[PDB]
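Peer 1: Just so we're aligned: the sequence shown equals residues 16 to 94, 102 to 160, 169 to 196, 206 to 269, 310 to 353, 358 to 570, 575 to 635, 640 to 870, 943 to 999, 1009 to 1224, 1228 to 1530 in the authors' numbering. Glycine included, every Cβ here is placed at the ideal spot set by N, Cα and C. Just passing along the structure, written as structure tokens.
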Amino acid sequence: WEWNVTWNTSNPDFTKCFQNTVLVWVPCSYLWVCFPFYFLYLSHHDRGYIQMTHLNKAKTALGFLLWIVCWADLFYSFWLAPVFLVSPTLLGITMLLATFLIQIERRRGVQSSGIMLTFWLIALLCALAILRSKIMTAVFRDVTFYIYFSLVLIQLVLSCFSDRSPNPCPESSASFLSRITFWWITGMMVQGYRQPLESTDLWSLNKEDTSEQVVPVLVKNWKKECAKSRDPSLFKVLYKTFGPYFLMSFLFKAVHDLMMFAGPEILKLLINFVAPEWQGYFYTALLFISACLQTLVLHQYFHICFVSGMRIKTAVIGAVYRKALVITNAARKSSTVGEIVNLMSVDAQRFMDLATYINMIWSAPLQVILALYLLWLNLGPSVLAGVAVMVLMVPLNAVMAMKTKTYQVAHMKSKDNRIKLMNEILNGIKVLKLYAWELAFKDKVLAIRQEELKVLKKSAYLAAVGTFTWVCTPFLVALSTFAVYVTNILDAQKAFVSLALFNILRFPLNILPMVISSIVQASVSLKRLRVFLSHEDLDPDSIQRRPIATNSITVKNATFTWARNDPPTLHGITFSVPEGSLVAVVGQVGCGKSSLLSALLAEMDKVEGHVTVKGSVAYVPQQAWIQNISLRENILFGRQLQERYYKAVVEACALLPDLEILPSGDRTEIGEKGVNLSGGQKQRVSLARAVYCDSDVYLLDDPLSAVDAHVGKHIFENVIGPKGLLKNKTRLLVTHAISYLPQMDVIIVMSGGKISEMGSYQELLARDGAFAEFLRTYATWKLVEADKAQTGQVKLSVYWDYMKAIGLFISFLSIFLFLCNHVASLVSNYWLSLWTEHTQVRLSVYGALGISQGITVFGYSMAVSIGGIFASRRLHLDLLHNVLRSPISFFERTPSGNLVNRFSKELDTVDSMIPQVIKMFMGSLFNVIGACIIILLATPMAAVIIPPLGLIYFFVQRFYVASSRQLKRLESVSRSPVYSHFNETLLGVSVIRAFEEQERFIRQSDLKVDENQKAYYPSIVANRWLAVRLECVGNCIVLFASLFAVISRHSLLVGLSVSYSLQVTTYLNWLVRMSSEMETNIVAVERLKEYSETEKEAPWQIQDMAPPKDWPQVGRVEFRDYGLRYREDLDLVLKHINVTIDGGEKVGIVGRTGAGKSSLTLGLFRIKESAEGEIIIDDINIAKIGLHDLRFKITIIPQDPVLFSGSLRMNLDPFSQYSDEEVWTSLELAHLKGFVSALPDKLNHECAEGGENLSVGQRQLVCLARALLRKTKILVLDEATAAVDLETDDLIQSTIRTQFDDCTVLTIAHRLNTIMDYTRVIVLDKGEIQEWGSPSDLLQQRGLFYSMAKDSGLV
Ligand SMILES: Nc1ncnc2c1ncn2[C@@H]1O[C@H](COP(=O)(O)OP(=O)(O)OP(=O)(O)O)[C@@H](O)[C@H]1O
Ligand SMILES: Nc1ncnc2c1ncn2[C@@H]1O[C@H](COP(=O)(O)OP(=O)(O)OP(=O)(O)O)[C@@H](O)[C@H]1O
Ligand SMILES: [Mg+2]
Ligand SMILES: [Mg+2]
């Protein structure tokens, strides 16, 4: 090796020894270092074995022949030079390793081999170099090399084709080149360019990325962690679950780092070249191939990080779902629904963000410590000053990082609260609007959001300070280093060969703050998720659930408690129910009857006892849980359809007439929460679902409380009673009605939480006890609309909405600071680059401009972020207004997964992602403008080609967004259902656990997450594909310029026209990518604004048509016809009703279940707009009155008692306009004073999510108490005495008559004994007033009211 023949001569020729040693050691060596490592992948990852094909054999045979040929050389050498022995033998054995490797790759099922192809490419290049040398030299050993080269070339061509396999994702069958360049998606790219992409065009998820192949692994690792603990560290299972695949990104990152620092070296040598021409010709090809390899390796790395992050999100969502399924009630109360929604919606987004920066945590300092080494051999140990200054920032910024962490914690917590509150608003929206409480809860959510945004603003301030100090650190590194060095000297050369590296070193310092912020957010997320996954899970084992002694349900001294901290609810429970025995659990409000049933379901923590429940359990919750599936799928509940039994169950449960009056019968969609159905129909559907599932034990909790006497008797005789379908099954019937007690085989009285009395009706009527006194006293359609993805470019109105929310001043402040920051850098660059009194009057200028840059970097960092606070403060508020203003029909048709999506994930994207992405987009755009100015001032003749360079880039940008947006849109549209499922799963956890349908719901959640990732994975693959092409465009303008600067070296600066072209292509690549990122992120604002155009309710307050202050003073409600139609696709439910309710008239709207009684109440409050007719209350038409002017003047006690999570006093009046003394009085007339007073927290008692902390009787009492609090001249009593005992029932009626004595009251009830005291009643059968007079007159008429009183036992 000497420079005369290798570099100095115009003939590019290697030396003979170099040819025979290094050129042969390179490829053989590559396979030797990779071979061992490759067994790891070949072993850990398997896909079967490929069959015997001609291609595989062709490759194997050529591997055998190639080895022979190489050993044939050793034979001829055996037949002086030392290299003529070792080299042929080494090549033969590495060749024997190559053929063995394709053999084992066949065995392990790999169609395209990256190793073989790259290995053959390197061998080919080495052979090409020797080939050219051997053909320039000119039989004996040359012909062996020609045979070797031809065989190697054919082997390389063969290695490109993909072998046979052992809406599929093309990656599973793509060739090696297709996957290294992400070509397997280009088909969807052009498709997505001709028509908008839909979910149908999207490919099915890869097997490795599928939820049921990812979540289980994480669950198993977590279970192994917990076993070791008996705290379990979530981080341990994380890398024990995601490192085996992620660690290859370390190799890709290292290779990319090495080659990205090697590239500029080649650039500098090339621009120094403009040294025989060949030198530059080689220089440009080497630079081109190194750049292309850099892009490919960096981009496969990015893909690995993104796929690992997506798998992390899938695993986190699945684990959260499973834990929520197995969670206990105490932990479920502790970890609110908002917290679970945050964990599964944006907590894994933090991990996804981390996945891109967890590889930079070691790369940044690697480049840093190298630059110090480059600077060292450049200058000397004076850098001790520089390293110290850089080190000083680490703790200083870490201190702030710690502070930021706290903020994030608080922030995350505030977020949970907000989401939890929103969930309550979604669940009790009908009650919220009926009570005119939309404004109060809007203000509550606004206060929570303001607190969360203040915390986020402080966190953004600290992040801006950290970014500022990190950006000013390198300027200090230099300033301090030169400062100590002067006290050799700083020759313009030595001094400035150090400044260039300082700029190179400032890259990691600029990227660090992002890494720190992502790590802090991911650490907070890990903490929240580890705390959740470590929550106590209820033990089913506690209830010996023996399969089918004959004592179906036996209990021995059970002390069940809802939580360990709280006192036990069940005190010494002990009873034994024989098989097939009808059991009624009677009692007053809040005595643990539903607690007893949930204790038999293992939903209650057992302090001590022995409970054995034998046989399958079928449970019906007092509040019926209904999913979005139709009635047939609700009754089936994932069961095989048997028409003979399904029809019998439907007919027996008195559900047939309701199906007759339903539009599509039993196939019509039923709504997210059963809001389509009535209370009685909901209860009947839940009971029929339990009955159809043939179980051995049926725990019925008030299944006939919301149905009339006739339908209740029909159901009991045909389903529950001794002559019903359930006659052979043990049945625990928790009921308050005592009409069916004589039929009961065993009656258990639950008083104070314990078994006060046990026996039959005839046994308890002779004991002469408390229950004896109680008995003596006798007192398809497709309703839901799924999320829709917009088809087209996002409207510029969305960008305007995000800009006008930020504000004019903040927007220009930010644009001006961006422009100033990038101008300052360009001045600093021009002051150093071209202009390279120097000491003190030039290096200082570099520091001065540099500091002037950092402050501006700080400036917009504090200007965009606060803008992100402003817009998120507006975008949410309008949304919070827009959602509430929407009518009840909107919440009916829109599932509670779109509304949660806007408030959880799209809002999060608006909060944090969009401001940062806007910041980076503005930075890239101004960088491109600055580069355009730079290359315009220098060589203005080149300005002709500047627009074309941009034009082509523009086209690529367009060609990409037309697909990319849709993918993002589809991702959001594919994410809305998942939330819904969680909500549904969170609403009916007890039902799912009791029916043992946990596995089916787990599979449904896996399917929904699989759809979401089917939408999301093509998005990241699209980013990679676009990026490869964009960077390749640059590398093919760098090489092309590098070519045109070496073709014009002695002709009319060319060398700076490459280093200009490359920088302009880079800036352009970043610009096209960041514009695509901003365009995709604006989809979040476009989904938030989607609800703005949604039709909403009538104006809340009509100023002109305001009623008098004392408007309902008479309360003379007068319907004219008031036809009611929920949607303009169904039949009327209030066809031509004419009532003339007088002032202060006790009127009772009684009728059969599902007749339209509560539709009257919904129409009185204008909740559902009238189809034909009007209501003139006190000579004032409500159609004309303002919405609040109507709803604030009329009280209602809703059928479904919903208590929003929070303080009990907050539930009684969220407006907080009643004094605590008055609220105490209102609780006293509700017969709840004792219960609230024995509570440890008194009125500040925290109600659970949806009020589950209280019994439904106590929730009805709370509704009555808040009705007493309002107490206007119109009271609507929508079945208030529906799930309360007879003693409480009469107490409620007594106080109602007492307090509501001079106000018009419209009472809908199935208990006719509460309506006989009413002056007149309204009888409803099919939305028609059949009988309209006094109850005595109707009884004389012997009509339908008489019959209803007959089934009620009142005659
Ligand atoms: N939110 C709703 N949207 C559309 N239709 C509904 C809704 N709620 C009930 N319906 C339907 O309207 C009809 C009357 O319902 P409504 O609840 O007014 O009857 P009801 O006799 O008062 O019932 P219940 O006895 O259970 O209180 C039924 O066909 C019912 O399924
Ligand atoms: N999830 C819960 N956590 C804690 N306490 C609860 C919970 N659910 C109910 N309770 C309380 O436990 C007691 C008994 O509740 P339970 O619903 O079993 O009573 P009940 O007599 O069956 O009610 P109802 O008369 O309304 O049918 C009440 O004080 C109630 O507020
Ligand atoms: Mg109950
Ligand atoms: Mg009703």
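1) I think residue 1506 touches residue 1519, with their Cβ atoms under 8 Å apart; what is that distance to the nearest whole Å?
2) If you reduce the DSSP assignment to three classes, tell me which class residue 849 lands in.
3) Verify whether the separation of the beta carbon atoms of residue 1131 and residue 232 is less than 8 Å.
4) Here's a check: name, in chain order, each residue in its chain whose Cβ is nearer than 7 Å to the Cβ of residue 174, leaving out the five neighbours to either side.
5) Excluding the 5 residues preceding and the 5 following residue 800 in the sequence, name in chain order all residues of the same chain whose CB lies nearer than 6 Å to its CB.
6) Compare the Cα-Cα distances from residue 1430 to each of 1499, 844, 1523, 50 and report the closest residue.
7) Would you report the Cα separation of residue 500 and residue 411, rounded to the nearest angstrom?
8) Could you tell me whether any non-hydrogen atom of ligand 2 is closer than 7 Å to the CB of residue 1460?
9) By Cβ distance below 7 Å, which residues in the same chain neighbour residue 497 in space, the five residues on each side in sequence not counted?
10) Where does the unbroken beta strand (DSSP E) through residue 1505 begin, and where does it stop?
11) Are residue 858 and residue 674 close, meaning C-beta to C-beta below 8 Å?
12) What three-state label does DSSP hand residue 1050 in the structure shown?
13) Using the Cα positions of residue 399 and residue 1154, report the straight-line distance between them to the nearest angstrom.
14) Shortest alpha-carbon distance to residue 960 belongs to which of 591, 1346, 423, 1267?
15) Any chance the segment 799-817 sits against the segment 730-750, with 3 or more Cβ pairs inside 8 Å?
16) I'd like to confirm something about residue 1431: is its beta-carbon nearer than 7 Å to some heavy atom of ligand 3, or not?
17) Any contact between the segment 249-263 and the segment 325-334? By contact I mean 3 or more CB pairs, one from each, below 8 Å.
18) Just to confirm my understanding: we take residue 825, look at its own chain, exclude 5 residues before and 5 after, and list those with CB closer than 7 Å. What are they?
19) Rounded to a whole number of angstroms, what is the C-alpha to C-alpha distance between residue 1276 and residue 516?
20) Sorted by chain position, which residues of the same chain lie with C-beta nearer than 8 Å to residue 1407's C-beta, five sequence neighbours on each side aside?
21) Report the three-state DSSP secondary structure of residue 1191 (helix, strand or coil).
22) Report all residues from its chain with a CB closer than 6 Å to the CB of residue 1514; omit the five preceding and five following residues, and keep chain order.
23) Is it a yes or a no for the segment 755-767 touching the segment 1128-1144, going by three-plus beta-carbon pairs under 8 Å?
24) List, from N- to C-terminal side, the alpha helix (DSSP H) runs of 4 residues or more that fit wholly inside the segment 1145-1202.
25) Is the distance from the Cβ of residue 1197 to the Cβ of residue 224 below 8 Å?
26) State the start and end residues of the unbroken alpha helix (DSSP H) segment that holds residue 648.
27) Would you tell me roughly how many angstroms separate the C-alpha atoms of residue 71 and residue 213, rounded to the nearest one?
28) Quick check: the Cα distance between residue 1088 and residue 623, rounded to an integer number of angstroms?
29) So what's residue 1270 in DSSP terms, helix, strand or just coil?
30) Give the range of the beta strand (DSSP E) segment to which residue 841 is assigned.
31) Enumerate in chain order the residues of its own chain whose CB-to-CB distance from residue 1341 is below 7 Å, with the five nearest sequence positions on each side excluded.
32) Can you check which of these residues, 1285, 1123, 1317, 1305, is closest to residue 1293 by C-alpha distance?
33) On the DSSP bridge list, what partners appear for residue 1356?
34) For residue 676, which three-state DSSP category applies?
35) Grouping DSSP H, G and I as helix and E and B as strand, with all else coil, what is residue 631?
36) Using a Cβ-based criterion (distance less than 7 Å to any ligand heavy atom), does residue 516 qualify as near ligand 1?
Peer 2: On the basis of the supplied data:
1) Confirmed, Cβ separation roughly 6 Å.
2) In the structure shown, residue 849 falls within a strand segment according to DSSP collapsed to helix, strand and coil.
3) In this structure, residue 1131 lies near residue 232, with their beta-carbon atoms less than 8 Å apart.
4) For residue 174, the CB contacts under 7 Å within the same chain, skipping 5 residues up- and downstream, are 84, 87, 88 in chain order.
5) Within the same chain, and ignoring the five residues on either side of residue 800 in sequence, the residues whose Cβ sits closer than 6 Å to its Cβ are 1526, 1527.
6) Out of 1499, 844, 1523, 50, 844 has the C-alpha closest to the C-alpha of residue 1430.
7) The straight-line gap from Cα to Cα measures roughly 20 Å.
8) Yes, Cβ of residue 1460 sits closer than 7 Å to a heavy atom of ligand 2.
9) Scanning its chain for C-beta atoms nearer than 7 Å, with the 5 sequence neighbours on each side dropped, one finds around residue 497 the residues 531, 534, 535, 538, in chain order.
10) Here the beta strand (DSSP E) through residue 1505 covers 1504-1508.
11) Cβ distance not < 8 Å, so residue 858 and residue 674 don't count as in contact.
12) In this structure, residue 1050 counts as helix in the three-state DSSP scheme.
13) Each residue's Cα considered, the two are about 13 Å apart.
14) The option with the nearest alpha carbon to residue 960 is 1267.
15) At 8 Å Cβ cutoff, the stretches touch.
16) A heavy atom of ligand 3 is found nearer than 7 Å to the CB of residue 1431.
17) With the cut-off at 8 Å, the segment 249-263 and the segment 325-334 do not touch.
18) The beta carbon of residue 825 is closer than 7 Å to those of 676, 684, 685, 688, 791, 792, 793 in its chain, skipping five residues each way along the sequence.
19) Rounded to the nearest whole angstrom, the CA to CA distance from residue 1276 to residue 516 is 14 Å.
20) The beta carbon of residue 1407 sits closer than 8 Å to the beta carbons of 1433, 1436, 1437, 1440 from its chain, once the five residues preceding and following it are set aside; these are given in chain order.
21) It is helical.
22) Cβ contact annotation for residue 1514 (same chain, cutoff 6 Å, sequence separation greater than five): 1521, in chain order.
23) Touching, no.
24) DSSP runs (the alpha helix (DSSP H)) wholly in the segment 1145-1202: 1161-1167.
25) Yes, Cβ-Cβ distance for residue 1197 and residue 224 is below 8 Å.
26) Counting along the chain, residue 648 falls outside any alpha helix (DSSP H), though it belongs to the beta strand (DSSP E) covering 644-649.
27) In this structure, the CA atom of residue 71 is about 17 Å from the CA atom of residue 213.
28) In this model, residue 1088 and residue 623 are separated by some 38 Å (Cα to Cα).
29) Residue 1270 falls in the coil class under three-state DSSP.
30) Annotation: the continuous beta strand (DSSP E) that includes residue 841 extends over 837-842.
31) If you ignore the 5 residues before and after residue 1341, its C-beta comes within less than 7 Å of the C-beta of 1273, 1357, 1362, 1365, all in its own chain and listed in chain order.
32) Of the listed residues, the one whose Cα sits closest to residue 1293 is 1317.
33) DSSP output for residue 1356 lists 1351 as bridge partner(s).
34) Annotated three-state conformation of residue 676 is strand, per DSSP.
35) Residue state, collapsed to three classes: strand.
36) Answer for residue 516: no, Cβ out of range of ligand 1.
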